[PDB]
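S.K.: Take a look at the following structure, please.
Just so you know, all these numbers are worked out from the coordinates, no wet-lab data involved. Neighbour counts run over all protein chains shown; Cβ positions are idealised from the backbone, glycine included.
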Amino acid sequence: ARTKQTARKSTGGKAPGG
Amino acid sequence: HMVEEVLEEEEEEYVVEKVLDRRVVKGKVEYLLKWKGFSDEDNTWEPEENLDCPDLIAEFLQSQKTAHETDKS
């Protein structure tokens, strides 16, 4: 239940999708 | 809604395995991090401030310490 460690990799931009 | 049009910033809390190392440059801070799913080659040191996993950070220096700085901390 506890939140697992996470770090923003400064992705930004925008998902390509489809 | 009904405000400034979005078109900037889009950081996401991507799952992190563990910080590989640590290095400072210019004056900022960045820790190497292995990203799940993405090839290891896609390595990228993200700013500590951005990182939302202080526990992992401590985990890294935890081993190197017990000698690190040889003072407080």
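S.K.: Criterion first (surrounded by 10 or more Cβ atoms within 10 Å (Cβ to Cβ) and farther than 15 Å from A:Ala7 by Cβ) does B:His68 satisfy it?
M.R.: In short, yes.
S.K.: So which residues in region B:20-60 are assigned to a loop (DSSP other than H, G, I, E, B) and under 8 Å from the mean Cα position of the chain (by Cα)? Spell out how you get there, then give the answer.
M.R.: First, pick out the residues of region B:20-60 that are assigned to a loop (DSSP other than H, G, I, E, B): B:20-22, B:24-29, B:32, B:36-45, B:48-50, B:53.
Listed by number, the residues that qualify are B:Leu32, B:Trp45, B:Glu48, B:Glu49, B:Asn50, B:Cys53.
S.K.: While we're here: Hey, does region B:26-48 have a residue that's surrounded by 11 or more Cβ atoms within 10 Å (Cβ to Cβ), away from chain A (no Cβ under 12 Å) and among the acidic types (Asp, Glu)?
M.R.: no
S.K.: Further question on the same structure: Answer with yes or no whether B:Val6 is in contact with a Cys (Cβ under 8 Å, 6 or more places away or on another chain) and either surrounded by 13 or more Cβ atoms within 10 Å (Cβ to Cβ) or closer than 24 Å to A:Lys14 by Cα (or both).
M.R.: Criteria not met by B:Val6.
S.K.: Against the definition (of a type in the set (A, V, I, L, M) and either within 13 Å of chain A (Cβ to nearest Cβ) or more than 28 Å from A:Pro16 (Cβ to Cβ) (or both)), how does B:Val3 come out, yes or no?
M.R.: no
S.K.: So which residues in chain A are of a type in the set (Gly, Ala, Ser) and in a loop (DSSP other than H, G, I, E, B), if there are any at all?
M.R.: Listed by number, the residues that qualify are A:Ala1, A:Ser10, A:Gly12, A:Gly13, A:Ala15, A:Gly17, A:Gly18.
S.K.: Can I ask one more? Go through region A:5-18 and give me each residue that's at the interface with chain B (Cβ under 7 Å from one of its Cβ atoms) and either exposed (fewer than 10 other Cβ atoms within 10 Å of the Cβ) or farther than 13 Å from B:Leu51 by Cα (or both).
M.R.: A:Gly12, A:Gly13, A:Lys14 - these are the residues of region A:5-18 that are at the interface with chain B (Cβ under 7 Å from one of its Cβ atoms) and either exposed (fewer than 10 other Cβ atoms within 10 Å of the Cβ) or farther than 13 Å from B:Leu51 by Cα (or both).
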